[PDB]
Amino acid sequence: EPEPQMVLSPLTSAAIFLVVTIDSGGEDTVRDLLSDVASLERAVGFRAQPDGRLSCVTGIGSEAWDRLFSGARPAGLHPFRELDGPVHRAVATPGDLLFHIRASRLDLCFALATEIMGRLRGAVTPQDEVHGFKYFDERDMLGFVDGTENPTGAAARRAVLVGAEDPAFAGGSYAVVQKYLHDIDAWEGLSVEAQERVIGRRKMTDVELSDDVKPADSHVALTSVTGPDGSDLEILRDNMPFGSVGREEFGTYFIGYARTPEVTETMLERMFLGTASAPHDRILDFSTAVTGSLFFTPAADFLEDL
């Protein structure tokens, strides 16, 4: 049977990330909205077809889940696990609801955000609002190509969607968000050769540096994990730059979907806390996490039925 949310969206060039908390007594207003969210996507999005590609993914946090539903909980659902590393600190910030809104135009995102928060004023409190845009040729603020090794098609369905291991909630996924702020001054002080040492790929051509040469504290080194299974462990990311030139804010908004947060959380450990042969991900010497939240993004039919 079950239809999931538009987690596997195509490439989109605009996004709004909205994270909010439920005030006391808001729970009823929110449950009403969750049943209608699908129909607002269509109201706003239908008229702009087919260029629009407007998609909203709604996610719910661990404490918010217990306030909203009783019954079963998704297996992997918990608050974000703060990581207090030797050097770098992955923080945990409040967040009950996520709207990850994507389209080919910002206005569509904004229109949907308007209608959603319109129904929710009274009942929630905004914690974070980010307007994200694609930079050139799928590049991020650091000037590297961002998204290349994401899984596609069949391999994406397999790495992202809950299946038979938690059959109650098949079609759902686990999203982790974290807002990063970069130290561009520092970063642009590096030679390109040295930047490529940090990331693990070539800047201009976006080719992976060979085993012969790729540092073990490079980002691509530390985020490549193999299972016990011997097969690679993959997640799906849709990192979006944001910023303001006035307030020297240059950002990467990280969002990572996985069929189980164990995967996402492992990559994070390796980045913040280190391996045997690496102190921490070099990327963090130019990037500070200022948020961190985890959510479960149910199947679409789950929300329909409220």
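Counting begins at 1, following the sequence as shown. In this text, rigid core is short for the largest set of C-alphas that superpose within 1.5 Å between two forms.
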item	value
More variable segment, 227 to 235 or 96 to 104 [Cα RMS over structures in 9 other deposited structures of this protein, core-superposed]	227 to 235
In 9 other deposited structures of this protein, rigid core aligned: more displaced of 141 to 149 and 128 to 136 by C-alpha RMS	128 to 136
Greater mean Cα temperature factor according to the PDB record, 213 to 221 or 122 to 130	213 to 221
Stretch with the higher entry mean CA B-factor, where the candidates are 223 to 231 and 182 to 190	223 to 231
Identity of residue with top Cα B-factor, from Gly147, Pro86, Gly95, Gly200	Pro86
Residue with highest C-alpha B-factor in the PDB entry, from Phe80, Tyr174, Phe99, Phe110	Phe80
Modelled-residue ranking by C-alpha temperature factor, third containing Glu196	middle
Ranked C-alpha temperature factor of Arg73 among modelled chain residues, by third	highest
Third of the chain's Cα B-factor distribution that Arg31 belongs to, per the entry	middle
Record-listed C-alpha B factor of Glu249: chain third	middle
Assigned third (lowest, middle, highest) for the C-alpha B factor of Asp137	middle
